[PDB]
Structures are given as structure tokens and as C-alpha cells.
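Notes follow the structure.
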Amino acid sequence: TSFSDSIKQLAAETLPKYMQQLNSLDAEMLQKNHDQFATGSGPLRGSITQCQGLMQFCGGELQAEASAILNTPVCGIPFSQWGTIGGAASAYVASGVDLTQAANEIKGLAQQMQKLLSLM
């Protein structure tokens with residue numbers, strides 16, 4: 001082992017699972033499982049947690065891509081905030097807005113995480 005590889009290695013074993021999960025997402029799921037999702041090892045929190053690690057500890061395009069992903073807004077709120085409860089994301093879901101586009105954009109981003117796999 002290397003620290004560097006351990007990080008990478010663990011994102012590779014965890015990101016596919018979050019991705020498949022997020023990829024089921026819809027407006028209603030979002031409204032429902034947000035706390036769950038933004039909690040412990042839920043796909044939002046887990047995946048954001050995984051991208052942050054690659055941001056913090058790797059270099060080059062893998063770092064640049066983790067970054068682009070975390071900073072992409074999802075209806076105006078950076079994806080990195082979607083893994084948190086009691087903030088902007090929670091307020092937004094707590095507004096009654098249709099969450100179709102929000103779920104769609106998280107979907108997209110989970111698909112973009114494949115680039116991270118691929119860079120790995």
C-alpha cells in the first residue's frame with residue numbers, strides 16, 4: 001500500500017455503489033430519502049465524501065475532476081452541499097419546488113463520477 005492508492009482504491013470500491021443508487025433517483029425519492037441520503041453512508045453523503053478525498057489527496061486531472069463535480073451547482077446549490085442536512089439543500093427541498101430537475105442533475109453528476117473511475 002500507499003496512502004494515495006488506498007484513497008483511490010477505496011473510492012473505486014465505493015463509488016460504483018453510490019452511482020448505481022443515485023441513478024435510481026427521482027423527484028419523489030429525493031423529497032423522501034434526502035436525510036437518509038445525506039447521512040452516514042447514504043449515496044449523497046458517501047459519494048460527496050469520496051469525491052472530497054480525491055480532491056484533498058490526489059493530484060492532476062483526477063483532482064480537477066473530483067473538484068468540477070463537487071462545485072457543479074444542482075439548481076443553484078453546489079453538489080457538495082447536497083450531502084448535508086439543515087442547510088440550503090434542505091431548505092430547497094423544503095420549499096415544495098418540483099425536484100425533477102434536482103434529481104436529474106444529481107443523476108448526471110453520478111454519471112460524471114465514472115470519469116473518476118476512468119481516470120483511476
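Chains: A, B, ... in order of the C-alpha cells. Residues: from 1 per chain. Ligands: from 1, in order shown.
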
What lies within 9 Å of residue 113 in chain A using only C-alpha atoms, ignoring chain neighbours under 6 positions off, as an MDAnalysis selection string? chainID A and resid 15:16 19 47 51 65:66 69

Which residues come within 12 Å of residue 11 in chain A, counting only C-alpha atoms, excluding same-chain residues fewer than 3 positions away, as a VMD selection string? chain A and resid 4 to 8 14 to 19 46 to 55 57 to 58 62 66 113 to 114 116 to 120

In chain A, DSSP helix (DSSP H, G or I) residues written as an NGL selection string: :A and (3-22 or 27-37 or 43-57 or 60-71 or 79-83 or 88-93 or 100-112 or 114-119)

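Within chain A, DSSP run on the backbone puts these residues in strand (DSSP E or B): residues 73, 74, 77 and 78 of chain A.
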
Output as a Markdown table one row per residue of range 8-35 of chain A within 10 Å of range 75-96 of chain A: the closest atom pair and its distance in Å to one decimal place, counting only C-alpha atoms, sorted by chain and residue number ascending.
| residue | atom | partner | partner_atom | distance |
| --- | --- | --- | --- | --- |
| A:27 | CA | A:93 | CA | 9.8 |
| A:30 | CA | A:93 | CA | 8.1 |
| A:31 | CA | A:93 | CA | 6.3 |
| A:32 | CA | A:93 | CA | 9.5 |
| A:34 | CA | A:90 | CA | 7.9 |
| A:35 | CA | A:85 | CA | 6.3 |

Residue with the minimum atom-to-atom distance to residue 61 in chain A, picked from A:115, A:102, A:108, A:29 with only C-alpha atoms counted, is A:115

Using only C-alpha atoms, the residue out of A:72, A:56, A:2, A:63 with shortest distance to residue 106 in chain A is A:72

Given only C-alpha atoms as the basis, pick out the residue of A:98, A:3, A:60, A:45 nearest to residue 22 in chain A.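 Comparing A:98, A:3, A:60, A:45 against residue 22 in chain A, the winner is A:45.
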